[PDB]
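So the protein sequences, as listed, match chains A, B and C. 837 is the number of the first residue of the first sequence in the entry's author numbering; add one for each residue after it. 1040 is the number of the first residue of the second sequence in the entry's author numbering; add one for each residue after it. 939 is the number of the first residue of the third sequence in the entry's author numbering; add one for each residue after it.
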Amino acid sequence: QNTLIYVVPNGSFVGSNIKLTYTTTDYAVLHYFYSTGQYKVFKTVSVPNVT
Amino acid sequence: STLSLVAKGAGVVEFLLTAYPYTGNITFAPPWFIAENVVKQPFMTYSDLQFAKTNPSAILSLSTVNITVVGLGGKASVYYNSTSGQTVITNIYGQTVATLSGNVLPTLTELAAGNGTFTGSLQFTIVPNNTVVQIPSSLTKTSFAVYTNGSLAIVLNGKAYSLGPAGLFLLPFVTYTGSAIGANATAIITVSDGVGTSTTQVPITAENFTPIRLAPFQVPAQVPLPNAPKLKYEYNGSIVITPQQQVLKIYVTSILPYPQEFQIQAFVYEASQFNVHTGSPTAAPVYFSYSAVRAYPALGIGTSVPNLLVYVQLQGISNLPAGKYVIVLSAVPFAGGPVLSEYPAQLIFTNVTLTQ
Amino acid sequence: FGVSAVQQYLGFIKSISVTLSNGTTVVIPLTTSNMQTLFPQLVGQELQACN
């Protein structure tokens, strides 16, 4: 119900990442914060460069 | 309300940039090296004060208001002075040489929200300038008036802007009497003969930038030396010159093509007259000699080994009495002096033991 | 979550070089037959879980 799964081939494993973009489910929030740039929020999860 | 301003990252300034020659062939990169004391993190201003006042933990644009390139003797700057809203460019001498309307510097855009990495574009080029260096005929039999490297120029929006002499900024350089000569040089050869005086000109291109390494025979020559200063390498290994030897076998390593001829000059100082601790001569050389090295391939022509075995000859080794000495080998170029000498520029044997 | 895993071509032994230095970093000319037959093992199992 709450799980997201990203699968990449062998060649795309290095730095395989997911970017989450959350948008308001509200018209007023889209309208009133278009200028400030805080009506949609994005973040990323990536495979760490590990030793 | 003024609140926490937290900077979890800034711009990154590195070395070994992709070289762009002044010639039309820009896709060739001679090894460039921004000189000492340029350590990342430029100063730049946020594009929005109000958001940064609370927390700049999101996607932002950073207007660069400080770019510093430090050379050996000075440093040039390109900074967007927001007080006047003008891009001010100063050369290595520390004097304002350019003022440009608006922000011609690109605005470093963050790659991610609350990350700290800001990316833009920085181009560079070389604009030749004038600086006369005189090589006397007392050591080469032919005088050389050399116009030096030129001037390093930052290229913004496709337009170049000089930042002072590139000889101090860029590596390699060739030091003659403390004067640095690099690519885009111009050597006027003054030949003196029985007829009189003649003058010819050989221009050094931006593709004749050519690092050249001088190495001892017992030290690897196919492996670049990272432990060699820009001006010299002091080999502390013990060397004893037999009386049957009048030539010293050394290696000359070339990373870029080297078509023009030169010579290796050997300056012999007494061990007491040379300060091995600092590597600087405390007195005039007690002897001088030269060996003309005509740049020719050893193996296959053109595709020979990047290492040349040079027999540095001496115009009389019996002139120096047996004892302890320091011998400095320096590359002095002939007939259109090309660019050479990084890591090392000179080869200083500090423990020469001449025995006869 | 309901999907089995398959082969991932996720690397290869870079080389087997030997130093022999009178000035010579001896980069070995890599031969395919020798290299495959020096590491022919089909199953190199790991030891610890989640590592």
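Heads up, the beta-carbon is just placed ideally off N, CA and C, and yes, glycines get one too.
Residue environment, residue i, which counts as buried when at least 16 other CB atoms sit within 10 Å
i, result
"residue 1284(B)", "exposed"
"residue 1115(B)", "buried"
"residue 1213(B)", "buried"
"residue 965(C)", "exposed"
"residue 878(A)", "exposed"
"residue 864(A)", "exposed"
"residue 987(B)", "Limits of chain B in this structure are 1040 at one end and 1395 at the other, which puts residue 987(B) out of reach."
"residue 1223(B)", "buried"
"residue 1271(B)", "buried"
"residue 1235(B)", "exposed"
"residue 857(A)", "exposed"
"residue 1110(B)", "buried"
"residue 1053(B)", "exposed"
"residue 1269(B)", "buried"
"residue 1381(B)", "buried"
"residue 849(A)", "exposed"
"residue 1389(B)", "buried"
"residue 1353(B)", "buried"
"residue 1385(B)", "buried"
Separation of residue j from residue i, as counted between CA atoms
i, j, result
"residue 1197(B)", "residue 1262(B)", "37 Å"
"residue 872(A)", "residue 1149(B)", "16 Å"
"residue 1325(B)", "residue 1387(B)", "15 Å"
"residue 868(A)", "residue 837(A)", "32 Å"
"residue 1300(B)", "residue 1239(B)", "16 Å"
"residue 1308(B)", "residue 1321(B)", "9 Å"
"residue 1265(B)", "residue 1383(B)", "9 Å"
"residue 1191(B)", "residue 1051(B)", "20 Å"
"residue 1267(B)", "residue 1135(B)", "35 Å"
"residue 1316(B)", "residue 1310(B)", "11 Å"
"residue 1256(B)", "residue 1293(B)", "15 Å"
"residue 959(C)", "residue 1254(B)", "16 Å"
"residue 1306(B)", "residue 1074(B)", "28 Å"
"residue 1376(B)", "residue 1274(B)", "26 Å"
"residue 876(A)", "residue 1251(B)", "56 Å"
"residue 1215(B)", "residue 1203(B)", "20 Å"
"residue 976(C)", "residue 1108(B)", "51 Å"
"residue 1156(B)", "residue 1392(B)", "56 Å"
"residue 1121(B)", "residue 1084(B)", "9 Å"
"residue 1303(B)", "residue 1355(B)", "15 Å"
"residue 1045(B)", "residue 1081(B)", "16 Å"
"residue 1333(B)", "residue 1291(B)", "12 Å"
"residue 986(C)", "residue 882(A)", "24 Å"
"residue 952(C)", "residue 974(C)", "12 Å"
"residue 963(C)", "residue 954(C)", "13 Å"
"residue 1330(B)", "residue 1287(B)", "10 Å"
"residue 1351(B)", "residue 1366(B)", "12 Å"
"residue 1225(B)", "residue 1328(B)", "26 Å"
"residue 945(C)", "residue 968(C)", "25 Å"
Range covered by the beta strand (DSSP E) that runs through residue i
i, result
"residue 853(A)", "853–859"
"residue 1140(B)", "1135–1140"
"residue 876(A)", "876–882"
"residue 1385(B)", "1385–1393"
"residue 1280(B)", "1278–1280"
"residue 1254(B)", "1251–1255"
"residue 946(C)", "No beta strand (DSSP E) holds residue 946(C); DSSP gives it neither H nor E."
"residue 1441(B)", "Lying before the first or after the last residue shown, residue 1441(B) is absent from chain B, which here runs from 1040 to 1395."
"residue 1286(B)", "1286–1293"
"residue 1241(B)", "1236–1242"
Delimiting residues of the alpha helix (DSSP H) encompassing residue i
i, result
"residue 972(C)", "970–976"
"residue 1267(B)", "Neither: residue 1267(B) is in no alpha helix (DSSP H) and is coded neither H nor E."
"residue 863(A)", "863–868"
Heavy atom of the ligand PLP within 6 Å of residue i beta-carbon
i, result
"residue 1118(B)", "The ligand content of the structure shown is nil, which means the ligand PLP is not present either."
Practice problem: Please specify which runs of the beta strand (DSSP E), each continuous and at least 3 residues long, are wholly inside the region 1296–1363 of chain B, giving them in chain order. | Solution: 1301–1309, 1326–1332 and 1346–1352
Quiz item: Along the chain, which unbroken stretches of the beta strand (DSSP E) at least 3 residues long are found entirely within the region 1147–1229 of chain B?
Solution: 1162–1166, 1171–1174, 1181–1186, 1190–1195, 1198–1201, 1213–1215 and 1218–1220
Quiz item: What are the start and end residues of each continuous alpha helix (DSSP H) run of 4 or more residues lying completely inside the region 1046–1129 of chain B, in chain order?
Solution: 1088–1093
Quiz item: Does the region 1222–1234 of chain B come close enough to the region 1338–1349 of chain B that 3 or more CB-CB pairs lie under 8 Å?
Solution: no
Quiz item: Do the region 1138–1149 of chain B and the region 1239–1248 of chain B touch if we need at least three Cβ pairs shorter than 8 Å?
Solution: no
Exercise. Specify whether the region 1366–1385 of chain B and the region 1179–1186 of chain B touch according to this definition: at least 3 beta carbon pairs, one from each stretch, less than 8 Å apart.
Key: yes
Practice problem: Mind the definition here: the region 1061–1074 of chain B touches the region 1096–1104 of chain B only if three or more C-beta pairs lie below 8 Å; say whether that holds. | Solution: no
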